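Structure, as structure tokens:
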Amino acid sequence: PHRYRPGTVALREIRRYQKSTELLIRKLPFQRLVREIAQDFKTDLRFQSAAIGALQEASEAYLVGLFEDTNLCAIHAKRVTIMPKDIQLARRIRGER
Amino acid sequence: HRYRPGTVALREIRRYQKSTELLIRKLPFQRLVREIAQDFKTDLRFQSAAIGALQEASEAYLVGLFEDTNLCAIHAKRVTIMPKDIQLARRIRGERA
Amino acid sequence: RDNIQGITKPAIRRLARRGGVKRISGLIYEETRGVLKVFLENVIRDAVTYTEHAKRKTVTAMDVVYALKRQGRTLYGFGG
Amino acid sequence: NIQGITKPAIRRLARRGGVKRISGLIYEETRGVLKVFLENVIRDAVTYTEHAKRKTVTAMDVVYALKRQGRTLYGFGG
Amino acid sequence: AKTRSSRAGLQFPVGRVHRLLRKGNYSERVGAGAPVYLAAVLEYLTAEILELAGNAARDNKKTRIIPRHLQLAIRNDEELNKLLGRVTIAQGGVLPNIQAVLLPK
Amino acid sequence: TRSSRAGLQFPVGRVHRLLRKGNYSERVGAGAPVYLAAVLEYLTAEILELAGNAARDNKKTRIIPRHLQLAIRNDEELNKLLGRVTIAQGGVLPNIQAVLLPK
Amino acid sequence: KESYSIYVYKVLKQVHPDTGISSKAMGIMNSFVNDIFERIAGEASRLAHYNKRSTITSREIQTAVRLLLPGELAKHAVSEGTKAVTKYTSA
Amino acid sequence: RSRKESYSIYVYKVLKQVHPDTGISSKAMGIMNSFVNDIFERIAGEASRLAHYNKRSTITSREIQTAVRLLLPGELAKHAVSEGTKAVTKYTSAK
DNA sequence: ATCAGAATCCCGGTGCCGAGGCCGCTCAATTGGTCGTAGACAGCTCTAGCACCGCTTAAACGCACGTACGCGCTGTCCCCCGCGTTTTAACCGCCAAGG
DNA sequence: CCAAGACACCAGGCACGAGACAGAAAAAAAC
DNA sequence: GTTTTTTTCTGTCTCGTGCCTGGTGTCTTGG
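Given below as structure tokens:
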């Protein structure tokens with residue numbers, strides 16, 4: 038059929054997700070991970086939803102910035118495939134060790 | 039006779055990681071700072087200790103930015119620096135838009 | 023337990039696409055999980071400490087706002 | 025002017041940074057970024073001294089301007 | 014004019030700001046011209062950024078400003094972007110950054 | 016002096032004065048400066064203890080600031096604390112990427 | 031616990047007078063305004079304690095606005111502030 | 028002659044405690060004075076934010092404790108909290 | 001390997017200079033005494049955080065499969081290292097005049 | 001030489017509703 | 001795939017009021 042040797046799929050979904058507004062990580066598993074990390078320093082803590090939404094917002098923004106500088110590291114690497122030490126170099130330069 | 043390249047540079051890296059004395063000497067640095075300072079309000083006097091402060095902060099600043107740029111180039115499967123490497127590091131830190 | 027593995031590969035894909043990343047390697051996902059985890063560790067530690075002095079067993083949005091302002095990753099939107 | 029920065033100075037900057045091998049356009053690029061750095065620093069420093077109503081920039085104001093750019097430096101009474 | 018806001022011809026409450034300064038532990042005393050001055054600066058900043066907000070919202074035939082509009086208007090500015098460098102907006106996202114190595118040529 | 020009455024080494028009342036003139040609150044409690052002074056005291060104890068070890072390394076008797084920068088850059092939590100901190104006559108880590116060492 | 035909503039409405043009608051707004055847009059705006067107010071005020075308090083001046087007048091506010099915002103914004107803001115000082119001082 | 032401040036003699040004594048056979052340079056003593064300044068300032072700013080996010084204007088030692096373990100990283104912070112708390116006990120147990 | 005020889009390390013040496021002791025002041029910590037409300041605390045009330053489940057469905061997972069950027073290799077060509085040859089930055093006392 | 005306060009006088013400021021009104025999508029429907 | 005162009009049903013927003021609380025007028029005095 039119309040199998041399409043690639044190129045339009047990835048960039049088209051980039052166009053869609055940059056036309057987009059809202060989140061990408063869906064709610065419940067992120068919330069449960071938050072509560073598992075939360076169950077480590079003081080037990081049995083309760084939460085309002087807006088805090089969790091802010092956490093999700095800033096989390097996705099943090100990772101978006103990581104991906105942007107990682108992308109520019111890859112472009113300077115004359116590649117399009119990412120690597121882990123790209124992210125390690127990015128966090129090395131960001132001073133967030 | 040002739041020595042083989044790369045060696046003397048690393049030997050003086052081992053030498054120049056030792057004395058924390060100021061690399062750029064005083065008078066030309068002072069003239070440059072005065073010339074840039076000329077174009078805000080006319081002919082301001084200066085404390086020499088403040089000049090040493092500017093000198094210290096500038097040299098440490100540039101050394102650290104070189105370290106990140108050098109690690110960028112090491113990631114870039116190369117050994118020699120490029121100006122695009124400085125652009126990449128600055129683009130990660132966020133000086134320029 | 024294991025909600026660290028609740029992070030899905032297509033979510034990482036979606037984040038890469040809005041992040042603009044085209045090509046995805048396979049050795050990326052658990053590294054991503056670890057960085058995200060350490061991030062949220064420092065965040066929720068500080069937020070819970072702000073709530074420790076609050077003497078209220080419930081953490082508010084305002085708390086997390088103040089804590090992330092303390093990190094300098096400061097986010098607007100919810101007041102604080 | 026800006027050309028008072030010698031080539032072996034930026035080379036020594038690579039050496040204390042620990043950088044081995046050097047390209048060409050590095051030099052002028054370095055002078056440019058150093059210039060913009062000193063521009064912002066000395067601009068707000070002279071802003072401090074403008075509020076000081078005095079004709080000499082204090083080392084204190086230099087230190088506080090470095091704090092204002094989040095570039096806190098000890099050593100010289102800050 | 015009874016109210017100082019009408020005496021300033023502005024839109025912000027000044028005595029609000031003066032009480033904020035007093036209930037700030039900011040200084041010990043606060044003069045009369047500083048709160049007016051700061052409120053005027055605030056009012057200019059609001060009008061200035063809301064200009065870019067108005068044009069950015071008008072870019073999409075929508076009467077209402079959305080957060081994406083605000084982030085777009087910030088990032089399309091230069092001074093505001095270097096202002097808001099450590100700053101993130103809720104429901105923001107980022108700019109269209111399609112690299113030239115990516116389009117099918 | 017309250018410091019001796021707390022059995023410590025930092026002057027309480029100077030700190031109590033500086034808390035007042037800092038516009039730090041409206042009122043100032045009794046023993047909060049004692050707690051803060053002890054915090055300062057243990058911090059500088061730990062820092063200069065590592066600095067003393069740094070002088071033990073080089074076999075130097077007077078502390079040079081290079082010792083201080085090195086002892087900052089060695090320990091983990093201290094270096095994460097003073098990440099945005101630089102010091103005149105500081106220098107950096109004696110550090111070589113071995114991928115740039117010759118073969 | 032007051033927000034700045036109708037202030038925003040009046041600024042908006044003074045600039046783009048046919049423009050609506052969402053709720054959370056107003057929330058981000060007031061977040062913004064509070065951040066800016068806090069940054070300027072704390073910088074002015076730094077001006078006081080770095081300068082041993084027991085109060086703060088408008089001159090401190092002018093130099094602090096210089097210290098925060100860059101050039102064009104700074105100069106236009108200084109202009110607007112001095113114009114407000116002028117019209118309030120005249121009456 | 029205006030009287031200026033230093034913290035040199037205090038930390039000097041502390042250095043003499045922890046290392047009797049050790050000298051020091053003057054500039055480094057100034058560096059440590061600046062160090063105390065910086066740490067004190069960050070703590071006090073967190074104390075003011077403690078006040079305004081608690082709508083209170085009294086400062087006790089509890090706020091100092093929560094400020095320190097907000098700013099400093101964990102293990103170091105808990106040791107310092109221990110030192111301060113034992114000092115609180117030794118002082119306030121007597122006059 | 002392996003020797004010759006640059007490059008660096010490292011040991012008395014002395015010198016000089018500032019760190020540190022030291023010492024006589026005086027001004028803020030102290031000591032003590034007197035109002036006062038901020039807050040530690042008791043207690044009231046209603047919201048909201050939590051847990052649970054049934055139903056819907058879109059979203060993830062596994063695999064089938066080609067395939068094409070990542071990469072190791074190659075040749076190549078060029079242009080920085082470096083060592084040599086001056087050279088001007090910059091900090092300084094004669095020697096003319098010259099009057 | 002006018003703010004701090006301290007007191008005396010006050011119309012705005014915001015919470016709550018209502019009805020309307022800009023607006024997201026359903027789904028043809030071209031390029 | 002993109003995007004445009006109809007209803008629709010529809011969520012928020014602006015008008016609309018009443019309650020109130022901070023905002024305002026001014027002297028003394030002092031820093």
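Those sequence lines, one after another, are chains a, e, b, f, g, c, h and d. Numbering-wise (the deposited numbering), the first sequence opens with residue 38 and increments by one. Numbering-wise (the deposited numbering), the second sequence opens with residue 39 and increments by one. Numbering-wise (the deposited numbering), the third sequence opens with residue 23 and increments by one. Numbering-wise (the deposited numbering), the fourth sequence opens with residue 25 and increments by one. Numbering-wise (the deposited numbering), the fifth sequence opens with residue 14 and increments by one. Numbering-wise (the deposited numbering), the sixth sequence opens with residue 16 and increments by one. Numbering-wise (the deposited numbering), the seventh sequence opens with residue 31 and increments by one. Numbering-wise (the deposited numbering), the eighth sequence opens with residue 28 and increments by one. Beta carbons: idealized from backbone N, C-alpha and C, even for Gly.
Asked                                                                                                                                       : Found
Extent of the continuous alpha helix (DSSP H) run through residue 46 of chain e                                                             : 45-54
For residue 117 of chain e, three-class secondary structure by DSSP                                                                         : coil
Neighbour-count burial assignment, residue 68 of chain f, 16 or more Cβ in a 10 Å radius                                                    : buried
Cβ distance (whole Å) where residue 91 of chain d is taken to contact residue 47 of chain c below 8 Å                                       : 5 Å
Residues bridged to residue 84 of chain a [DSSP beta-bridge criterion]                                                                      : b:81
Proximal chain f residues relative to residue 47 of chain e, where beta-carbon distance stays under 7 Å                                     : 44
Start and end residues, alpha helix (DSSP H) containing residue 70 of chain c                                                               : 47-73
Helix, strand or coil at residue 101 of chain b [DSSP, three-state]                                                                         : coil
Partners in chain e for residue 87 of chain c, counting only beta-carbon separations shorter than 7 Å                                       : By Cβ distance, chain e contributes nothing, its closest Cβ being about 13 Å from residue 87 of chain c, past 7 Å.
Other residues of its chain near residue 111 of chain e: CB distance less than 6 Å, five sequence neighbours each side excluded             : 119, 123
First through last residue of the alpha helix (DSSP H) which encompasses residue 84 of chain g                                              : 80-88
Residue 41 of chain e classed as buried or exposed, judged by whether at least 16 other C-beta atoms fall within 10 angstroms               : exposed
Residues that residue 40 of chain e contacts on chain f, provided the C-beta gap is smaller than 9 Å                                        : Within 9 Å Cβ-Cβ: nothing; residue 40 of chain e doesn't reach chain f, min ~18 Å.
Within-7 Å CB hit, residue 94 of chain g to chain e                                                                                         : yes
Exposure of residue 99 of chain g, with buried meaning 16 or more beta-carbon neighbours within 10 Å                                        : exposed
Interface partners of residue 16 of chain c on chain e, CB under 7 Å                                                                        : Residues of chain e passing the Cβ test: none, with the nearest at roughly 34 Å.
Proximal residues to residue 29 of chain b (C-beta, below 6 Å), its chain only, five neighbours per side dropped                            : 55
Local conformation of residue 45 of chain d per DSSP, three classes                                                                         : helix
Residue closest to residue 66 of chain b, alpha-carbon to alpha-carbon, out of b:42, b:39, b:27, b:91                                       : b:91
Presumed contact (8 Å Cβ cut-off) between residue 83 of chain c and residue 42 of chain d, rounded CB distance                              : Going by Cβ atoms, the distance from residue 83 of chain c to residue 42 of chain d rounds to 12 Å, so no, they are not a contact pair.
C-alpha distance - residue 44 of chain h paired with residue 45 of chain f, whole-angstrom precision                                        : 59 Å
Cβ pair residue 77 of chain h, residue 71 of chain f closer than 7 Å                                                                        : no
Cutoff 7 Å: residue 114 of chain e Cβ touching any chain g Cβ                                                                               : no
At least three beta-carbon pairs within less than 8 Å, the stretch 68-79 of chain g to the stretch 66-73 of chain a                         : no
Proximity of residue 25 of chain b and residue 69 of chain a at Cβ, strictly below 7 Å                                                      : yes
Contacts that residue 21 of chain c makes with chain d (C-beta to C-beta distance below 8 Å)                                                : 114, 117, 118
DSSP beta-bridge partners of residue 43 of chain g                                                                                          : h:86
As assigned by DSSP and simplified to three states, the class of residue 39 of chain b                                                      : helix
Alpha-carbon spacing of residue 58 of chain d relative to residue 59 of chain a, whole angstroms                                            : 49 Å
Length of the line joining the Cα atoms of residue 47 of chain a and residue 27 of chain f                                                  : 48 Å
Within chain a, the residues that residue 79 of chain b reaches when beta carbons sit closer than 9 Å                                       : 79, 81, 82, 83
Residue 22 of chain g in three-state terms, based on DSSP                                                                                   : coil
Reduced DSSP category for residue 89 of chain a - H, G, I as helix; E, B as strand; rest coil                                               : helix
Chain-order list of residues whose beta-carbon lies under 6 Å from that of residue 70 of chain g (same chain, five-residue window excluded) : 78, 82
Among a:82, a:133, a:107, the one whose alpha carbon lies nearest that of residue 50 of chain b                                             : a:107
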